[PDB]
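Data file: run-v3.cif. Format and content: mmCIF, C-alpha atoms.
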```cif
data_final
loop_
_atom_site.group_PDB
_atom_site.id
_atom_site.type_symbol
_atom_site.label_atom_id
_atom_site.label_comp_id
_atom_site.auth_asym_id
_atom_site.auth_seq_id
_atom_site.Cartn_x
_atom_site.Cartn_y
_atom_site.Cartn_z
ATOM 1 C CA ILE A 781 -7.939 113.481 160.870
ATOM 2 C CA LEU A 782 -9.478 116.125 158.574
ATOM 3 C CA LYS A 783 -6.943 115.188 155.880
ATOM 4 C CA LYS A 784 -7.679 111.444 156.389
ATOM 5 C CA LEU A 785 -11.459 112.057 156.068
ATOM 6 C CA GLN A 786 -10.812 113.949 152.824
ATOM 7 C CA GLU A 787 -8.664 111.037 151.526
ATOM 8 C CA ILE A 788 -11.475 108.569 152.444
ATOM 9 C CA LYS A 789 -14.019 110.753 150.577
ATOM 10 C CA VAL A 790 -11.767 111.006 147.487
ATOM 11 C CA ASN A 791 -11.117 107.229 147.603
ATOM 12 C CA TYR A 792 -14.884 106.539 147.801
ATOM 13 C CA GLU A 793 -15.556 108.875 144.830
ATOM 14 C CA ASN A 794 -12.663 107.342 142.855
ATOM 15 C CA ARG A 795 -13.961 103.778 143.546
ATOM 16 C CA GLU A 796 -17.479 104.774 142.412
ATOM 17 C CA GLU A 797 -16.043 106.451 139.272
ATOM 18 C CA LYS A 798 -13.801 103.447 138.559
ATOM 19 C CA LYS A 799 -16.811 100.971 138.409
ATOM 20 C CA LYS A 800 -19.138 102.550 135.763
ATOM 21 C CA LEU A 801 -16.522 103.630 133.283
ATOM 22 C CA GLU A 802 -15.379 100.035 132.923
ATOM 23 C CA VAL A 803 -18.955 98.931 132.304
ATOM 24 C CA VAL A 804 -19.484 101.531 129.562
ATOM 25 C CA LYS A 805 -16.146 100.597 128.011
ATOM 26 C CA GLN A 806 -17.253 96.985 127.846
ATOM 27 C CA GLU A 807 -20.357 98.018 125.870
ATOM 28 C CA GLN A 808 -18.292 100.128 123.464
ATOM 29 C CA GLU A 809 -15.923 97.176 122.965
ATOM 30 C CA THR A 810 -18.938 94.965 122.491
ATOM 31 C CA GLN A 811 -19.980 96.870 119.298
ATOM 32 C CA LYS A 812 -16.805 96.936 117.088
ATOM 33 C CA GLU A 813 -16.689 93.142 117.431
ATOM 34 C CA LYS A 814 -20.071 92.887 115.651
ATOM 35 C CA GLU A 815 -18.815 95.183 112.847
ATOM 36 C CA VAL A 816 -15.618 93.114 112.373
ATOM 37 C CA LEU A 817 -17.619 89.873 112.403
ATOM 38 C CA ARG A 818 -20.269 91.329 110.048
ATOM 39 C CA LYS A 819 -17.542 92.533 107.627
ATOM 40 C CA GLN A 820 -15.937 89.048 107.618
ATOM 41 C CA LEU A 821 -19.363 87.451 107.076
ATOM 42 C CA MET A 822 -20.246 89.814 104.203
ATOM 43 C CA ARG A 823 -16.894 89.153 102.502
ATOM 44 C CA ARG A 824 -17.377 85.382 102.730
ATOM 45 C CA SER A 825 -21.053 85.421 101.680
ATOM 46 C CA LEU A 826 -19.938 87.476 98.646
ATOM 47 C CA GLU A 827 -17.234 84.861 97.804
ATOM 48 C CA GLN A 828 -19.817 82.060 98.088
ATOM 49 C CA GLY A 829 -22.348 84.030 95.971
ATOM 50 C CA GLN B 1 -0.999 106.240 86.123
ATOM 51 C CA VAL B 2 -2.153 104.987 82.696
ATOM 52 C CA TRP B 3 -3.112 101.502 83.902
ATOM 53 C CA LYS B 4 -4.075 99.846 87.202
ATOM 54 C CA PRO B 5 -4.095 96.082 87.910
ATOM 55 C CA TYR B 6 -6.647 94.357 90.161
ATOM 56 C CA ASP B 7 -7.507 90.847 91.264
ATOM 57 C CA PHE B 8 -10.919 90.008 89.777
ATOM 58 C CA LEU B 9 -12.974 87.194 91.264
ATOM 59 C CA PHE B 10 -15.583 85.688 88.970
ATOM 60 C CA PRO B 11 -18.778 84.675 90.838
ATOM 61 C CA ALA B 12 -18.614 80.862 91.269
ATOM 62 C CA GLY B 13 -15.455 81.052 89.102
ATOM 63 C CA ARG B 14 -11.689 81.498 88.898
ATOM 64 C CA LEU B 15 -9.549 84.357 90.141
ATOM 65 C CA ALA B 16 -8.461 86.529 87.192
ATOM 66 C CA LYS B 17 -6.106 89.495 86.825
ATOM 67 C CA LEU B 18 -8.029 92.556 85.673
ATOM 68 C CA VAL B 19 -6.191 95.579 84.258
ATOM 69 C CA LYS B 20 -7.974 98.877 83.725
ATOM 70 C CA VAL B 21 -6.379 101.032 81.018
ATOM 71 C CA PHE B 22 -7.392 104.672 81.535
ATOM 72 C CA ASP B 23 -6.124 106.028 78.183
ATOM 73 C CA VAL B 24 -5.944 103.630 75.222
ATOM 74 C CA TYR B 25 -4.450 106.421 73.021
ATOM 75 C CA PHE B 26 -1.492 107.002 75.397
ATOM 76 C CA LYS B 27 1.736 107.372 73.371
ATOM 77 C CA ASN B 28 4.296 104.605 74.063
ATOM 78 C CA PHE B 29 2.014 102.566 76.329
ATOM 79 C CA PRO B 30 4.275 100.794 78.924
ATOM 80 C CA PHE B 31 3.457 97.186 77.921
ATOM 81 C CA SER B 32 6.787 95.939 79.368
ATOM 82 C CA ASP B 33 5.940 97.125 82.905
ATOM 83 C CA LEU B 34 2.350 95.894 82.581
ATOM 84 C CA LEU B 35 3.419 92.394 81.410
ATOM 85 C CA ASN B 36 6.186 92.197 84.058
ATOM 86 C CA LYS B 37 3.626 92.935 86.795
ATOM 87 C CA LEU B 38 1.297 90.236 85.377
ATOM 88 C CA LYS B 39 4.302 87.788 85.117
ATOM 89 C CA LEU B 40 3.581 87.457 81.348
ATOM 90 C CA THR B 41 7.281 87.967 80.552
ATOM 91 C CA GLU B 42 8.073 84.947 78.381
ATOM 92 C CA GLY B 43 7.395 84.880 74.641
ATOM 93 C CA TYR B 44 4.161 82.984 74.046
ATOM 94 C CA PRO B 45 2.552 81.663 70.846
ATOM 95 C CA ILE B 46 -0.711 83.566 70.401
ATOM 96 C CA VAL B 47 -4.063 82.465 69.022
ATOM 97 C CA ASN B 48 -6.153 85.586 68.445
ATOM 98 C CA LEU B 49 -9.914 85.052 68.058
ATOM 99 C CA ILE B 50 -11.452 87.704 65.781
ATOM 100 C CA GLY B 51 -15.164 88.397 66.292
ATOM 101 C CA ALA B 52 -15.512 85.797 69.064
ATOM 102 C CA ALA B 53 -18.990 85.507 70.612
ATOM 103 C CA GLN B 54 -21.377 82.809 71.846
ATOM 104 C CA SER B 55 -21.706 80.129 69.140
ATOM 105 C CA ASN B 56 -22.571 76.445 68.551
ATOM 106 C CA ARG B 57 -18.856 75.530 67.979
ATOM 107 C CA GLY B 58 -18.448 73.397 71.169
ATOM 108 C CA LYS B 59 -16.234 70.523 69.861
ATOM 109 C CA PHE B 60 -14.270 72.904 67.618
ATOM 110 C CA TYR B 61 -13.244 74.872 70.739
ATOM 111 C CA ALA B 62 -12.157 71.617 72.436
ATOM 112 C CA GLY B 63 -9.736 71.007 69.525
ATOM 113 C CA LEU B 64 -8.574 74.638 69.582
ATOM 114 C CA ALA B 65 -7.937 74.415 73.352
ATOM 115 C CA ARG B 66 -5.981 71.141 72.881
ATOM 116 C CA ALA B 67 -3.735 72.665 70.186
ATOM 117 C CA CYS B 68 -3.153 75.735 72.391
ATOM 118 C CA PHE B 69 -2.314 73.501 75.394
ATOM 119 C CA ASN B 70 0.202 71.409 73.415
ATOM 120 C CA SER B 71 1.850 74.596 72.010
ATOM 121 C CA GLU B 72 1.695 76.558 75.338
ATOM 122 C CA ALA B 73 -0.231 79.239 73.434
ATOM 123 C CA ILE B 74 -2.184 82.149 74.923
ATOM 124 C CA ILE B 75 -5.692 82.620 73.537
ATOM 125 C CA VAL B 76 -6.815 86.239 73.085
ATOM 126 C CA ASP B 77 -10.482 87.165 72.629
ATOM 127 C CA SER B 78 -13.029 89.937 73.423
ATOM 128 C CA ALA B 79 -13.629 88.920 77.107
ATOM 129 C CA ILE B 80 -17.252 87.765 76.501
ATOM 130 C CA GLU B 81 -18.670 84.202 76.612
ATOM 131 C CA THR B 82 -17.734 82.145 73.510
ATOM 132 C CA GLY B 83 -18.107 78.496 74.693
ATOM 133 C CA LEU B 84 -14.290 78.040 74.876
ATOM 134 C CA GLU B 85 -14.313 78.619 78.683
ATOM 135 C CA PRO B 86 -14.923 74.994 79.915
ATOM 136 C CA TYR B 87 -11.932 73.698 77.894
ATOM 137 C CA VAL B 88 -9.698 76.614 78.971
ATOM 138 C CA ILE B 89 -10.545 76.069 82.673
ATOM 139 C CA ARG B 90 -9.945 72.283 82.500
ATOM 140 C CA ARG B 91 -6.555 72.623 80.716
ATOM 141 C CA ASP B 92 -5.399 75.686 82.777
ATOM 142 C CA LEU B 93 -4.949 77.694 79.548
ATOM 143 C CA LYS B 94 -4.245 81.416 79.585
ATOM 144 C CA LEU B 95 -7.259 83.212 78.133
ATOM 145 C CA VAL B 96 -6.776 86.971 77.689
ATOM 146 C CA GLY B 97 -9.848 89.133 77.143
ATOM 147 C CA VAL B 98 -9.578 92.655 75.677
ATOM 148 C CA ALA B 99 -12.708 94.816 75.679
ATOM 149 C CA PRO B 100 -13.891 98.421 76.136
ATOM 150 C CA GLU B 101 -14.994 98.757 79.805
ATOM 151 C CA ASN B 102 -18.236 100.517 78.765
ATOM 152 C CA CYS B 103 -19.235 97.700 76.325
ATOM 153 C CA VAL B 104 -18.922 94.849 78.876
ATOM 154 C CA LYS B 105 -20.780 94.178 82.127
ATOM 155 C CA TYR B 106 -19.398 92.766 85.340
ATOM 156 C CA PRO B 107 -21.017 89.404 86.179
ATOM 157 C CA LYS B 108 -23.685 89.548 88.885
ATOM 158 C CA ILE B 109 -23.490 87.222 91.871
ATOM 159 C CA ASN B 110 -26.213 84.537 91.644
ATOM 160 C CA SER B 111 -27.799 86.100 88.540
ATOM 161 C CA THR B 112 -30.408 83.867 86.888
ATOM 162 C CA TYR B 113 -29.936 85.864 83.656
ATOM 163 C CA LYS B 114 -26.561 86.075 81.901
ATOM 164 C CA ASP B 115 -26.055 89.200 79.798
ATOM 165 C CA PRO B 116 -24.399 88.321 76.418
ATOM 166 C CA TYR B 117 -21.858 91.135 77.076
ATOM 167 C CA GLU B 118 -20.998 89.837 80.571
ATOM 168 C CA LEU B 119 -17.344 89.021 81.334
ATOM 169 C CA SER B 120 -17.017 85.228 81.085
ATOM 170 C CA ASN B 121 -15.509 82.894 83.682
ATOM 171 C CA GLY B 122 -12.383 81.267 82.177
ATOM 172 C CA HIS B 123 -10.456 84.436 81.368
ATOM 173 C CA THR B 124 -7.175 84.478 83.324
ATOM 174 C CA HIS B 125 -6.378 88.064 82.304
ATOM 175 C CA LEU B 126 -8.798 90.876 81.450
ATOM 176 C CA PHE B 127 -7.825 94.167 79.799
ATOM 177 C CA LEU B 128 -10.601 96.726 80.127
ATOM 178 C CA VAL B 129 -9.652 99.700 77.969
ATOM 179 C CA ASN B 130 -10.970 103.237 78.303
ATOM 180 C CA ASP B 131 -10.430 106.592 76.685
ATOM 181 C CA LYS B 132 -10.173 109.741 78.857
ATOM 182 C CA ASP B 133 -13.913 110.401 78.472
ATOM 183 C CA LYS B 134 -14.967 106.705 78.989
ATOM 184 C CA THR B 135 -16.793 106.642 75.584
ATOM 185 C CA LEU B 136 -14.893 103.751 73.910
ATOM 186 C CA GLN B 137 -16.936 101.403 71.701
ATOM 187 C CA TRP B 138 -16.256 98.013 70.101
ATOM 188 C CA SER B 139 -13.533 98.088 67.357
ATOM 189 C CA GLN B 140 -11.771 101.055 69.058
ATOM 190 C CA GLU B 141 -9.837 98.660 71.368
ATOM 191 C CA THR B 142 -8.461 96.717 68.346
ATOM 192 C CA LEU B 143 -5.189 98.676 68.073
ATOM 193 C CA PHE B 144 -4.471 98.053 71.784
ATOM 194 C CA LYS B 145 -5.395 94.338 71.408
ATOM 195 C CA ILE B 146 -2.921 93.820 68.517
ATOM 196 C CA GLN B 147 -0.141 95.796 70.268
ATOM 197 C CA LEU B 148 -0.685 93.614 73.368
ATOM 198 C CA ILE B 149 -0.582 90.422 71.200
ATOM 199 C CA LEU B 150 2.686 91.533 69.532
ATOM 200 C CA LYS B 151 4.249 92.269 72.975
ATOM 201 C CA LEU B 152 3.071 88.948 74.446
ATOM 202 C CA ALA B 153 4.672 87.146 71.465
ATOM 203 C CA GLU B 154 7.979 89.134 71.765
ATOM 204 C CA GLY B 155 8.324 88.586 75.536
ATOM 205 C CA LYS B 156 11.226 90.216 77.449
ATOM 206 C CA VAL B 157 13.545 92.363 75.258
ATOM 207 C CA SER B 158 16.587 90.556 76.766
ATOM 208 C CA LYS B 159 15.610 87.265 75.057
ATOM 209 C CA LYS B 160 17.411 87.801 71.716
ATOM 210 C CA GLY B 161 15.137 85.677 69.564
ATOM 211 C CA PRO B 162 12.389 85.943 66.961
ATOM 212 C CA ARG B 163 8.925 86.605 68.377
ATOM 213 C CA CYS B 164 6.657 83.621 68.872
ATOM 214 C CA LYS B 165 4.201 82.787 66.081
ATOM 215 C CA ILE B 166 0.829 84.528 66.025
ATOM 216 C CA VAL B 167 -2.233 83.105 64.286
ATOM 217 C CA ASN B 168 -5.572 84.859 63.927
ATOM 218 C CA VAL B 169 -8.793 82.829 63.861
ATOM 219 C CA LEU B 170 -11.595 84.672 62.093
ATOM 220 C CA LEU B 171 -14.866 83.521 63.695
ATOM 221 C CA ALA B 172 -16.900 86.623 62.731
ATOM 222 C CA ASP B 173 -19.733 85.732 65.162
ATOM 223 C CA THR B 174 -19.878 89.524 65.766
ATOM 224 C CA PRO B 175 -20.059 92.161 62.980
ATOM 225 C CA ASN B 176 -17.096 94.150 64.440
ATOM 226 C CA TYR B 177 -14.325 91.996 62.868
ATOM 227 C CA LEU B 178 -13.236 94.349 60.062
ATOM 228 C CA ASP B 179 -10.807 96.635 61.954
ATOM 229 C CA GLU B 180 -9.074 93.663 63.585
ATOM 230 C CA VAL B 181 -8.662 91.916 60.177
ATOM 231 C CA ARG B 182 -7.327 95.202 58.672
ATOM 232 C CA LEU B 183 -4.685 95.409 61.419
ATOM 233 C CA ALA B 184 -3.804 91.672 61.164
ATOM 234 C CA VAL B 185 -3.211 92.064 57.375
ATOM 235 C CA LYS B 186 -1.143 95.229 58.043
ATOM 236 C CA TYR B 187 1.143 93.269 60.452
ATOM 237 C CA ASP B 188 1.464 90.331 57.959
ATOM 238 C CA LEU B 189 -0.243 87.832 60.292
ATOM 239 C CA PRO B 190 -1.896 84.591 59.077
ATOM 240 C CA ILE B 191 -5.705 84.463 59.346
ATOM 241 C CA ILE B 192 -7.644 81.181 59.528
ATOM 242 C CA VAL B 193 -11.220 81.650 58.279
ATOM 243 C CA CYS B 194 -13.305 79.195 60.302
ATOM 244 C CA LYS B 195 -16.679 77.784 59.240
ATOM 245 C CA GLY B 196 -19.765 78.355 61.425
ATOM 246 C CA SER B 197 -20.616 82.066 61.060
ATOM 247 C CA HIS B 198 -22.581 83.504 58.103
ATOM 248 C CA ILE B 199 -19.674 85.817 57.152
ATOM 249 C CA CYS B 200 -17.024 83.058 57.327
ATOM 250 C CA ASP B 201 -19.277 80.616 55.412
ATOM 251 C CA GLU B 202 -19.708 83.219 52.631
ATOM 252 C CA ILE B 203 -15.908 83.825 52.453
ATOM 253 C CA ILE B 204 -15.188 80.038 52.325
ATOM 254 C CA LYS B 205 -17.886 79.477 49.676
ATOM 255 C CA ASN B 206 -16.572 82.331 47.494
ATOM 256 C CA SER B 207 -12.953 81.119 47.886
ATOM 257 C CA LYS B 208 -13.965 77.834 46.183
ATOM 258 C CA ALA B 209 -16.161 79.505 43.551
ATOM 259 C CA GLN B 210 -14.913 80.659 40.156
ATOM 260 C CA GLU B 211 -14.555 84.475 39.902
ATOM 261 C CA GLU B 212 -17.706 84.825 37.736
ATOM 262 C CA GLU B 213 -19.842 82.887 40.283
ATOM 263 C CA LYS B 214 -18.712 84.893 43.372
ATOM 264 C CA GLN B 215 -21.657 86.352 45.303
ATOM 265 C CA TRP B 216 -20.907 88.807 48.127
ATOM 266 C CA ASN B 217 -24.060 89.598 50.149
ATOM 267 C CA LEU B 218 -22.706 90.005 53.727
ATOM 268 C CA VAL B 219 -18.991 90.809 53.221
ATOM 269 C CA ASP B 220 -18.104 94.477 52.693
ATOM 270 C CA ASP B 221 -15.956 95.670 49.731
ATOM 271 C CA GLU B 222 -13.100 96.561 52.105
ATOM 272 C CA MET B 223 -12.991 92.952 53.383
ATOM 273 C CA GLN B 224 -12.873 91.704 49.748
ATOM 274 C CA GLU B 225 -9.778 93.894 49.182
ATOM 275 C CA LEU B 226 -8.192 92.591 52.421
ATOM 276 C CA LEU B 227 -8.765 88.957 51.286
ATOM 277 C CA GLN B 228 -6.530 89.634 48.239
ATOM 278 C CA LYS B 229 -3.754 91.438 50.224
ATOM 279 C CA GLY B 230 -3.575 89.211 53.340
ATOM 280 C CA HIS B 231 -2.629 85.609 54.141
ATOM 281 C CA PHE B 232 -6.049 83.950 54.471
ATOM 282 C CA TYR B 233 -6.445 80.182 54.982
ATOM 283 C CA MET B 234 -9.895 78.629 54.606
ATOM 284 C CA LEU B 235 -11.041 75.963 57.108
ATOM 285 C CA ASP B 236 -14.199 74.313 55.729
ATOM 286 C CA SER B 237 -14.529 72.054 58.786
ATOM 287 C CA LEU B 238 -15.985 72.226 62.322
ATOM 288 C CA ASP B 239 -14.007 69.116 63.315
ATOM 289 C CA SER B 240 -11.933 69.486 66.489
ATOM 290 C CA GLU B 241 -8.963 67.673 64.923
ATOM 291 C CA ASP B 242 -8.903 69.849 61.781
ATOM 292 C CA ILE B 243 -8.757 73.154 63.743
ATOM 293 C CA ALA B 244 -6.140 71.684 66.107
ATOM 294 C CA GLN B 245 -3.973 70.681 63.119
ATOM 295 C CA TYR B 246 -4.335 74.147 61.540
ATOM 296 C CA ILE B 247 -3.488 76.006 64.799
ATOM 297 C CA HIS B 248 -0.539 73.713 65.575
ATOM 298 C CA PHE B 249 0.771 74.160 61.988
ATOM 299 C CA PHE B 250 0.512 77.991 62.002
ATOM 300 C CA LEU B 251 2.077 78.257 65.509
ATOM 301 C CA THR B 252 5.056 76.118 64.388
ATOM 302 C CA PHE B 253 5.515 77.172 60.739
ATOM 303 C CA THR B 254 4.901 80.231 58.540
ATOM 304 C CA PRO B 255 3.857 78.922 55.086
ATOM 305 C CA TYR B 256 4.493 82.252 53.254
#
```
Please lay out the structure from this file as structure tokens.
Amino acid sequence: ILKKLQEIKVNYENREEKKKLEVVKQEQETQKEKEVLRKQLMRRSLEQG
Amino acid sequence: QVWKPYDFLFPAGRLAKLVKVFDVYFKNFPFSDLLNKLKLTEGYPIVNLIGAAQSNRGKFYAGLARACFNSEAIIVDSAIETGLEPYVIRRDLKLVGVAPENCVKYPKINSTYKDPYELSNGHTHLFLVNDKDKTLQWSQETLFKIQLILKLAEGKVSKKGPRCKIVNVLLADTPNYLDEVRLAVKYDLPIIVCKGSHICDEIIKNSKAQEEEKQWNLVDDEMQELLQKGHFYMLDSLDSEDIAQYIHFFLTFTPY
């Protein structure tokens, strides 16, 4: 029972840790896309004068 | 690496090939590898414009472009705006510009003001030449320009044939023509003196005058000596058909 309680605690902590990291990762991913898009835009605005 | 090729996009214009030459004085410049990379490997008839700049010769350049199209000739100039560009673009002619990189400006995107030394849209190939110190001025590129012209006219060494014909067209719209004429005479190349510049008009006028009536006010003594040693042909016309006939003749036949 002591071992099972410790597993439940570790599973709770791991579930809490697993939520937030994914959210932060989504924001990091969210940048890079703007830079790629902005680089494509700048190249094409340059071609069009 | 003595040279580096680039793709050059003119603002609102055509894609050109731009080659930077880092040392114009490099012994045995590898023109064969350069021209292979540019796919300029056939022998081409060459029309070399001497002292080409912006001028009121519009219809004359239409005739020149027509003669070059019908002869598959490459036009070589100083990479600046001349007024030939609209006819070159429409006929898909090869226009090769050779200039010192420090003496020309890159065109600005959406510039309301064109610099007279801006690279002109219509050039298919640009050769920007430098020395090691990047101090090259106008006339110092002339040796490279003529060596390039001779190699373009020879084509690939494996084609056992005479080089294609080369004709020089002296416009003299710029004062820096003398070194290019000196080299053209040294290589036994025909030179057409075209009406429309003050220098060319003086040469044409004095060619028709008796020796006692010759007045030289703008032409240097060295150019007067070159006129006696070289193959000069006077064109006292701005007609598009007359220049076309002269260019077509000199690209097909050597009259000397």
Evaluate the PyMOL selection byres ((chain B) within 8 of (chain A)) against this structure - the residues, as a compact mmCIF listing (two decimals) with C-alpha atoms, keeping the file's coordinate frame, please.
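Written out: part.txt:
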```txt
# COMPACT_ATOMS: atom_id res chain seq x y z
CA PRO B 11 -18.78 84.68 90.84
CA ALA B 12 -18.61 80.86 91.27
CA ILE B 109 -23.49 87.22 91.87
CA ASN B 110 -26.21 84.54 91.64
```
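Take atom CA of residue B:35 and atom CA of residue B:193: the distance between them is 29.4 Å.
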Might you pull out every residue within 10 Å of residue B:40, with all atoms listed in the file counted and same-chain residues fewer than 2 positions away left off, and present them as a PDB file with C-alpha atoms, in the coordinates of the input?
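So out_31.pdb came out as:
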```
ATOM      1  CA  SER B  32       6.787  95.939  79.368  1.00  0.00           C
ATOM      2  CA  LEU B  34       2.350  95.894  82.581  1.00  0.00           C
ATOM      3  CA  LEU B  35       3.419  92.394  81.410  1.00  0.00           C
ATOM      4  CA  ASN B  36       6.186  92.197  84.058  1.00  0.00           C
ATOM      5  CA  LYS B  37       3.626  92.935  86.795  1.00  0.00           C
ATOM      6  CA  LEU B  38       1.297  90.236  85.377  1.00  0.00           C
ATOM      7  CA  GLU B  42       8.073  84.947  78.381  1.00  0.00           C
ATOM      8  CA  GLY B  43       7.395  84.880  74.641  1.00  0.00           C
ATOM      9  CA  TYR B  44       4.161  82.984  74.046  1.00  0.00           C
ATOM     10  CA  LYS B 151       4.249  92.269  72.975  1.00  0.00           C
ATOM     11  CA  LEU B 152       3.071  88.948  74.446  1.00  0.00           C
ATOM     12  CA  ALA B 153       4.672  87.146  71.465  1.00  0.00           C
ATOM     13  CA  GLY B 155       8.324  88.586  75.536  1.00  0.00           C
ATOM     14  CA  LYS B 156      11.226  90.216  77.449  1.00  0.00           C
TER      15      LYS B 156
END
```
List, as a short mmCIF file (atom, residue, chain, number, x, y, z; two decimals) with C-alpha atoms, in the coordinates of the input, every residue that the PyMOL selection byres ((chain B and resi 53-57) around 9) selects in the file provided.
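Generated file (out.cif):
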```cif
data_model
loop_
_atom_site.label_atom_id
_atom_site.label_comp_id
_atom_site.auth_asym_id
_atom_site.auth_seq_id
_atom_site.Cartn_x
_atom_site.Cartn_y
_atom_site.Cartn_z
CA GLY B 51 -15.16 88.40 66.29
CA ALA B 52 -15.51 85.80 69.06
CA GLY B 58 -18.45 73.40 71.17
CA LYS B 59 -16.23 70.52 69.86
CA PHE B 60 -14.27 72.90 67.62
CA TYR B 61 -13.24 74.87 70.74
CA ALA B 62 -12.16 71.62 72.44
CA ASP B 77 -10.48 87.16 72.63
CA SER B 78 -13.03 89.94 73.42
CA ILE B 80 -17.25 87.76 76.50
CA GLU B 81 -18.67 84.20 76.61
CA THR B 82 -17.73 82.14 73.51
CA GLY B 83 -18.11 78.50 74.69
CA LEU B 84 -14.29 78.04 74.88
CA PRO B 116 -24.40 88.32 76.42
CA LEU B 171 -14.87 83.52 63.70
CA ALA B 172 -16.90 86.62 62.73
CA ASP B 173 -19.73 85.73 65.16
CA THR B 174 -19.88 89.52 65.77
CA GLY B 196 -19.76 78.36 61.42
CA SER B 197 -20.62 82.07 61.06
CA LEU B 238 -15.98 72.23 62.32
#
```
Polymer residues at most 12 Å from stretch 216-224 of chain B, all atoms listed in the file, same-chain spacing of 3 or more positions, as an MDAnalysis selection string: chainID B and resid 172 175:183 185 197:207 209 211:213 227:230 232
Hits from the PyMOL selection byres ((chain B and resi 74-76) around 10), listed as a compact mmCIF listing (two decimals) with C-alpha atoms, in the coordinates of the input:
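Resulting contents of selection30.txt:
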```txt
# COMPACT_ATOMS: atom_id res chain seq x y z
CA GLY B 43 7.40 84.88 74.64
CA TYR B 44 4.16 82.98 74.05
CA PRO B 45 2.55 81.66 70.85
CA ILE B 46 -0.71 83.57 70.40
CA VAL B 47 -4.06 82.46 69.02
CA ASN B 48 -6.15 85.59 68.44
CA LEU B 49 -9.91 85.05 68.06
CA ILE B 50 -11.45 87.70 65.78
CA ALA B 52 -15.51 85.80 69.06
CA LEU B 64 -8.57 74.64 69.58
CA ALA B 65 -7.94 74.42 73.35
CA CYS B 68 -3.15 75.74 72.39
CA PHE B 69 -2.31 73.50 75.39
CA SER B 71 1.85 74.60 72.01
CA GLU B 72 1.70 76.56 75.34
CA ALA B 73 -0.23 79.24 73.43
CA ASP B 77 -10.48 87.16 72.63
CA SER B 78 -13.03 89.94 73.42
CA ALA B 79 -13.63 88.92 77.11
CA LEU B 84 -14.29 78.04 74.88
CA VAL B 88 -9.70 76.61 78.97
CA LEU B 93 -4.95 77.69 79.55
CA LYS B 94 -4.24 81.42 79.58
CA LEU B 95 -7.26 83.21 78.13
CA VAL B 96 -6.78 86.97 77.69
CA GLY B 97 -9.85 89.13 77.14
CA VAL B 98 -9.58 92.66 75.68
CA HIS B 123 -10.46 84.44 81.37
CA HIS B 125 -6.38 88.06 82.30
CA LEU B 126 -8.80 90.88 81.45
CA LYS B 145 -5.40 94.34 71.41
CA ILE B 146 -2.92 93.82 68.52
CA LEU B 148 -0.68 93.61 73.37
CA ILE B 149 -0.58 90.42 71.20
CA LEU B 152 3.07 88.95 74.45
CA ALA B 153 4.67 87.15 71.46
CA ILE B 166 0.83 84.53 66.03
CA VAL B 167 -2.23 83.10 64.29
CA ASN B 168 -5.57 84.86 63.93
```
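For residue B:10, the non-local neighbours within 9 Å, defined as residues at least 5 positions apart in the same chain or in other chains and counting all atoms listed in the file, are residues 15, 16, 106, 107, 108, 109, 119, 120, 121 and 122 of chain B.
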If we count all atoms listed in the file, what is near residue B:235 at a cut-off of 7 Å, once residues fewer than 3 positions away on the same chain are taken out, given as a PyMOL selection string? chain B and resi 192-195
Could the residues in this selection be saved with C-alpha atoms as a JSON list (two decimals), keeping the file's coordinate frame?
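In the end it all went to selection.json:
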```json
[["chain", "number", "residue", "atom", "x", "y", "z"],
["B", 192, "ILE", "CA", -7.64, 81.18, 59.53],
["B", 193, "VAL", "CA", -11.22, 81.65, 58.28],
["B", 194, "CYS", "CA", -13.30, 79.19, 60.30],
["B", 195, "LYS", "CA", -16.68, 77.78, 59.24]]
```
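Between atom CA of residue B:124 and atom CA of residue B:13 lies a distance of 10.7 Å.
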If you measure from atom CA of residue B:138 to atom CA of residue B:24, what distance in Å do you get, rounded to one decimal? 12.8 Å
